[PDB]
Each structure stands twice: as structure tokens, then as C-alpha cells.
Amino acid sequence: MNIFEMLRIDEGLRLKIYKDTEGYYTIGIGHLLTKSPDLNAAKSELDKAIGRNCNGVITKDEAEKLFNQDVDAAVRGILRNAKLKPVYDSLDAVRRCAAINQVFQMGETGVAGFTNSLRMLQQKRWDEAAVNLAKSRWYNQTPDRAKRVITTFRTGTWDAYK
């Protein structure tokens, strides 16, 4: 188990434009296209991302290419974020995957909301951090995925992904 296998489980793989858990046009392995309700706007974003006229459909290879880019960008974003970097660097390799997973799903706009969770993680107060992480819109809207990610943060094992 590694970050790619973990996110592949959590995000799935679909080769046609679909709506994510929030109702947003998405493709591949959780590649968000746009928050616009206009399918044509999503199709434009897709064509730009792939570099050809896709008409809303991609190949598995193309999905995996976007996924490589998205994971890379998620990790690098963490390192470029003054709040996230020290916490990330304090973590072991398995808990780092939980961090990448959460950033991949949520982006960085809500980082400040997780200030207390982040502190508890840096302090290695794992059970306390897990309790705090669940007190969130994130947990309530995607509880089974959040439970897996939280178990990963709590234990530093892959038990939730088997």
C-alpha cells in the first residue's frame, strides 16, 4: 500500500465525466475539472488538461497521467504551505499518506479550520487528533472515507485499507 493505491481506492476510476460527492464535474481518479454547473465548461477544462479534444471521455493511461500530476501537486503544495510543512515533516511515511489524501480531497483553503487537528498531529497525540478530525464537515459529508483516513492518522498503519 502506497499513496497511489490509497487514493485509487478512495477516489475510484471513471473514464467519462461524472459528478463528485459535492456535485462537481470530475474525471479519472478524482480529477476535479471545475465547480461550474456548465458541462461545457468542464469539457473545456478536460480538453485543456489532456491537450486534445476529448468530448468528455479519456483513456486509462490519460486518467493515470492526471493522477500522477495531481498527487505530485498535492504533496508539493503541502511543502509550500507554511502551516502544513512542519506538521507533514513531523510525520512518519504512513501518516504522510493520510495528509496527502486529505489535501487531495479538500485542497488547502480550509487549512486554518484544521489548526487544532494539525497541532495535535504534530504533538503525536494520535487519539486526540482523531477525535478532533471527526468534528468536521469533511467527516460528516464523507464519513466512510474520513474514517479510513483518520484511522491512518491514528495508527500509522494501513489497517483501514487492508
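Residue positions are given as counts along the sequence shown, with the first one as 1.
- Mean CA B-factor, 51-59 versus 24-32: the higher value falls on 51-59.
- With 61-69 and 34-42 compared on mean CA B-factor from the PDB entry, the stretch scoring higher is 34-42.
- Among all modelled residues in its chain, residue 16 ranks in the highest third by Cα B-factor.
- Compared with the other modelled residues of the chain, the Cα B-factor recorded for residue 161 ranks in the highest third.
- Per-chain ranking of the deposited C-alpha B factor places residue 87 in the middle third.
- In the PDB entry, a CA B factor belonging to the highest third of its chain's modelled residues is recorded for residue 115.
- Residue-level temperature factors show residue 101 in the lowest third of its chain, judged at the C-alpha atom.
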